[PDB]
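Enquirer: I'd like to ask you about the structure that follows.
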Amino acid sequence: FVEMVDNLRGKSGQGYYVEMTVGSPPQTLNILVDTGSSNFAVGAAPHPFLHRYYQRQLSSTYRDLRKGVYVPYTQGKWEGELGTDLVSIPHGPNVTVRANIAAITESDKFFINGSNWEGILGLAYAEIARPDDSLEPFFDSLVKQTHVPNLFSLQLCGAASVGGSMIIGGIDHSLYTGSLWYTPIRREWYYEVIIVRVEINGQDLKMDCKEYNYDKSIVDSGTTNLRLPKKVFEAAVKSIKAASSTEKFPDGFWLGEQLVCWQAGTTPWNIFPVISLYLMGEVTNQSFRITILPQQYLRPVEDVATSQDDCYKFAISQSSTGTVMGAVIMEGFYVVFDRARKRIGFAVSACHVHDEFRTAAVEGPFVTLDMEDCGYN
Ligand SMILES: CC[C@@H](CC(=O)N[C@H]1[C@@H]2C[C@H]3C[C@@H](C2)C[C@@H]1C3)n1c(N)nc2cc(Cl)ccc21
């Protein structure tokens, strides 16, 4: 799969994109890779932030579905016109497929000024496809129309400039070390999984595990942060806050309302606790755990714009939508979306940012009881 290694690019906090082509002759676009949604959507109009956009008039293979889509979210929205056309992935499997494309024709606070992507490849399941589940997601089309196996994997590196690999239809063994550990995909809408235990340094957190998955826990390359339900956010920060009593910070920092700086090059990582999530294992009463570092949840901020030094954002934040395992979790690990076997595998990434003393890890097996009681009904 060396065709596919390092085919992801991007910029810090603007997401990871892959090169894709649409229509005949092919139009090249950068497309944000997103495991948190299920539409293939693309700029179709000359919005001033876009570098390029889908021009259906040039495509002899485009077919109008005569149907509009409206997708609103907390702050903004995208809207578009549905269609199908021929899609391929240059640094992907050497194949072409007829897929659905939403031609984005109006949006608010969707595109990122200064980014180099022009659309979004929602890699998740039909059940959260918009406007409804009859709109076949890109990846279903791909598997259905070719001999590509039903799974992909992400190695997200990140470092302004980021890179990674999306392996379509397989696993590249050089992208990780140690062994893959798999957690079940609870239902096929988002990539839903169940967290069964949470430890900060080692001190578990002693919460009804159900809090950890309220009302869901997902895996999302479209989110930067590790996001925790309100209640789990408290006990974690309060416990992280205790772990790092070699220093004192304003309450606003923990809230992701203000950032924090140290003389250019003098951050003490050791004051900061490792974080462990245990995930439901493949077997009754069996879990494993993933461990991330401060280097994962304290992220550099580019904008030393009215500052000089090394300022970091607390990259763990609260949620009314459940746990989101975003880039903060994913950049530690190689992640296999084993769609065919309804499961997600994690392994220590070969690219991840390690230091001298501590290392991101994936360990098992452990014994955890009542794991099914951790899901939401
Ligand atoms: C469910 C979690 C959220 C997180 C999120 O809001 N991501 C942002 C981010 C920046 C823009 C482009 C892309 C990644 C989706 C969305 C807007 N999310 C994801 N993963 N894909 C989304 C698509 C939409 Cl229309 C709204 C929220 C989305």
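Just remember, in the structure tokens the first chain shown is A, the second B, etc., residues are 1-based per chain, and ligands are 1-based in the order shown.
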Enumerate as a PyMOL selection string all residues of stretch 17-248 of chain A assigned to strand (DSSP E) by DSSP on the backbone, naming them with the chain letters and numbers the document uses.
Expert: chain A and resi 17-22+27-34+40-43+63-72+77-88+96-108+119-122+152-156+161-168+181-184+195-200+203-204+217-219+226-229
Enquirer: Residues of stretch 37-155 of chain A that approach stretch 178-193 of chain A to 8 Å or less, counting only C-alpha atoms: could you list each one with the shortest pair of atoms and its distance in Å to one decimal, rows by chain and increasing residue number, as CSV?
Expert:
residue,atom,partner,partner_atom,distance
A:37,CA,A:190,CA,7.0
A:124,CA,A:190,CA,5.6
A:125,CA,A:189,CA,4.7
A:126,CA,A:189,CA,6.5
A:127,CA,A:189,CA,5.0
A:128,CA,A:189,CA,5.7
Enquirer: Around ligand 1, at most 9 Å away and counting only C-alpha atoms and all ligand atoms, which residues are there? Put them as number ranges by chain, please.
Expert: A: 14-15, 32-39, 71-78, 109-112, 119-120, 122, 190, 218-224, 321, 324, 326
Enquirer: For stretch 273-275 of chain A, list every protein, DNA or RNA residue within 9 Å, evaluated using only C-alpha atoms, and leave out those in the same chain fewer than 3 positions away; present the list as a ChimeraX atom specification.
Expert: /A:198-202,240,243-244,269-270,290-294,358,360
Enquirer: What's around stretch 346-353 of chain A at 6 Å? Count only C-alpha atoms, leave out sequence neighbours fewer than 5 positions away in its own chain, and write the answer as a list in words.
Expert: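 The residues that qualify are residues 175, 176, 177, 179, 180, 181, 332, 333, 334, 335, 361 and 362 of chain A.
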Enquirer: Any chance you can output those residues with N, CA, C and O atoms as an mmCIF file, in the first residue's frame?
Expert:
data_model
loop_
_atom_site.group_PDB
_atom_site.id
_atom_site.type_symbol
_atom_site.label_atom_id
_atom_site.label_comp_id
_atom_site.auth_asym_id
_atom_site.auth_seq_id
_atom_site.Cartn_x
_atom_site.Cartn_y
_atom_site.Cartn_z
ATOM 1 N N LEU A 175 2.980 1.272 9.550
ATOM 2 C CA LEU A 175 2.408 2.477 10.131
ATOM 3 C C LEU A 175 2.228 2.385 11.646
ATOM 4 O O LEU A 175 1.966 3.414 12.311
ATOM 5 N N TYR A 176 2.369 1.171 12.190
ATOM 6 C CA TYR A 176 2.257 0.982 13.620
ATOM 7 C C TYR A 176 3.262 0.000 14.151
ATOM 8 O O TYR A 176 3.945 -0.714 13.374
ATOM 9 N N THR A 177 3.326 -0.032 15.483
ATOM 10 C CA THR A 177 4.175 -0.950 16.235
ATOM 11 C C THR A 177 3.313 -1.644 17.291
ATOM 12 O O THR A 177 2.153 -1.267 17.517
ATOM 13 N N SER A 179 0.786 -4.328 18.700
ATOM 14 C CA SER A 179 -0.350 -5.030 18.147
ATOM 15 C C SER A 179 -1.638 -4.191 18.087
ATOM 16 O O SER A 179 -1.848 -3.297 18.905
ATOM 17 N N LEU A 180 -2.503 -4.499 17.120
ATOM 18 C CA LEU A 180 -3.824 -3.885 17.023
ATOM 19 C C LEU A 180 -4.748 -4.486 18.082
ATOM 20 O O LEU A 180 -4.772 -5.717 18.284
ATOM 21 N N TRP A 181 -5.512 -3.623 18.750
ATOM 22 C CA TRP A 181 -6.572 -4.051 19.651
ATOM 23 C C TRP A 181 -7.859 -3.441 19.121
ATOM 24 O O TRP A 181 -7.867 -2.255 18.774
ATOM 25 N N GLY A 332 -2.159 9.828 18.334
ATOM 26 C CA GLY A 332 -1.336 8.820 19.010
ATOM 27 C C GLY A 332 -1.295 7.431 18.331
ATOM 28 O O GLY A 332 -0.372 6.624 18.579
ATOM 29 N N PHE A 333 -2.274 7.141 17.468
ATOM 30 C CA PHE A 333 -2.529 5.753 17.075
ATOM 31 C C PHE A 333 -2.777 5.535 15.604
ATOM 32 O O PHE A 333 -3.186 6.438 14.899
ATOM 33 N N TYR A 334 -2.530 4.327 15.137
ATOM 34 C CA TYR A 334 -3.001 3.921 13.820
ATOM 35 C C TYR A 334 -4.400 3.385 14.061
ATOM 36 O O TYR A 334 -4.603 2.587 14.974
ATOM 37 N N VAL A 335 -5.384 3.846 13.299
ATOM 38 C CA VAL A 335 -6.755 3.459 13.586
ATOM 39 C C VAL A 335 -7.409 2.720 12.413
ATOM 40 O O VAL A 335 -7.480 3.238 11.318
ATOM 41 N N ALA A 361 0.526 4.369 24.334
ATOM 42 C CA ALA A 361 0.487 2.912 24.336
ATOM 43 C C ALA A 361 -0.905 2.351 24.118
ATOM 44 O O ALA A 361 -1.911 3.024 24.362
ATOM 45 N N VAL A 362 -0.934 1.109 23.655
ATOM 46 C CA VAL A 362 -2.152 0.334 23.506
ATOM 47 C C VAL A 362 -1.898 -0.986 24.174
ATOM 48 O O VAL A 362 -1.128 -1.799 23.663
#
Enquirer: Can you pull out the residues contacting residue A:365? Cut-off 8 Å, using only C-alpha atoms, and skip same-chain residues under 2 positions away; I want them as a list in words.
Expert: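 Near neighbours after the sequence-gap exclusion: residues 286, 287, 288, 363 and 367 of chain A.
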Enquirer: Between A:319, A:345, A:210, A:368, single out the one closest to residue A:283, counting only C-alpha atoms.
Expert: A:368
Enquirer: Mind pulling up the distance from atom CA of residue A:317 to atom CA of residue A:261?
Expert: 18.9 Å
Enquirer: Measure the distance from atom CA of residue A:104 to atom CA of residue A:89 in Å and round it to one decimal.
Expert: 20.1 Å
Enquirer: When distances are computed from only C-alpha atoms, which of A:257, A:172, A:251, A:6 shows the smallest separation from residue A:313?
Expert: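 Counting only C-alpha atoms, the residue closest to residue A:313 is A:257.
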